[PDB]
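Given next, in structure tokens, is a single chain: the form deposited in one PDB entry.
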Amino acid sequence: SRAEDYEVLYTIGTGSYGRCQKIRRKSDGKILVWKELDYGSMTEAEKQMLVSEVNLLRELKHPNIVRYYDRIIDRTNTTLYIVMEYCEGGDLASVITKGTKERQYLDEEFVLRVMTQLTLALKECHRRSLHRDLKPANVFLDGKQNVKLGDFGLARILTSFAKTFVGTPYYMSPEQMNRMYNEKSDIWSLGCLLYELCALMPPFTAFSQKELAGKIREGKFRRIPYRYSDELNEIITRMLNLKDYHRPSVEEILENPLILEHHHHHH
């Protein structure tokens, strides 16, 4: 819990609220990341919210959720560093982009790993209920074929106008579009992600929000590519049902004959 306990190796990327940097823990040489948060402009009330939210982050321990390790205050630069597990495989948005550029669809086995492991991450989120975001850019891969749901973003729970505005809400469920808790809405979002992993495009595309909402409400989309099994297409399609009560529960997903031990985590 001191900055001097770690050495920054390099900046992985700049997020909406600060840099994510690869770091090395001096005690044992463990490779981790930290995320920078500038709290200099925050009120006491906002900082109190931040404290409560960091503590909730610390409570989520699951093989399929990016692990929280530490928090560091650099009072001199009013910077809070949140230390977390490093995921060497990077994010799924990059995986999708790679598939598109290299003109190569992803293995069904990979899609099954994501479905299995993210469903389990969601199961844990539901048990604890908690902001979560299933977009590909927030799902990560380690070096052992494990899939981890990334942190929501402390500042994000708290720039937030910029991308809440500009961005297109590809994964928003029909019911959340009418009015924002519903665990079946997470299943819809999972369906969108899995669909995009298969098709390399989301199930509903549009250039405007109005157009997108129209498509979402109609609930129609192309079949995922034919290289993917009818069984996989079936389950993704069920997750994209207009009726929340027709979408499979976490339990129903995991009972699917597609899902086997090897699709789960192995550390």
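Throughout, rigid core stands for the largest set of C-alpha atoms superposing within 1.5 Å between the two forms. A residue's number is simply how far along the shown sequence it sits, counting from 1.
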Can you check if residue 110 is missing its coordinates in at least one third of the other PDB entries compared, counting only those that model the residues either side of it?
no
At least a third of other PDB entries omit residue 174:
no
Can you say how many deposited residues have no coordinates in the span between residue 180 and residue 181, choosing none, 1 to 3, 4 to 9, or 10 or more?
1 to 3
Deposited residues omitted from coordinates between residue 158 and residue 159, as a class:
1 to 3
Mean CA temperature factor from the deposited coordinates, higher in 60 to 68 or in 218 to 226?
60 to 68
Quick check: 245 to 253 versus 17 to 25, which has the larger average CA B-factor in the record?
17 to 25
Out of 154, 83, 137, 87, highest CA B-factor residue
154
Looking at 49, 200, 239, 32, which has the biggest Cα B factor in the entry?
49
Within-chain third of residue 195 by Cα B-factor, per the entry
lowest
Taking the chain's C-alpha temperature factors as the reference, tell me which third residue 116 falls into: lowest, middle or highest.
lowest
Is the Cα B-factor recorded for residue 171 in the lowest, middle or highest third of its chain?
middle
Chain-relative C-alpha B factor for residue 205 (record values, thirds): the middle
Assigned third (lowest, middle, highest) for the C-alpha B factor of residue 2:
highest
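This next part talks about the form deposited in another entry, which is not shown.
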Report the residue, chosen from 232, 206, 201, 54, for which the CA moves 2 Å or more between the shown form and the other one after the rigid core is overlaid.
54
For residue 15, decide whether the Cα shift between the shown form and the other one is 2 Å or greater, given a superposition on the rigid core.
yes
If I superpose the two forms on their rigid core, does the C-alpha of residue 172 end up displaced by 2 Å or more between the shown form and the other one?
yes
So, superposing on the core, is the move of residue 81 at the CA at least 2 angstroms between the shown form and the other one?
yes
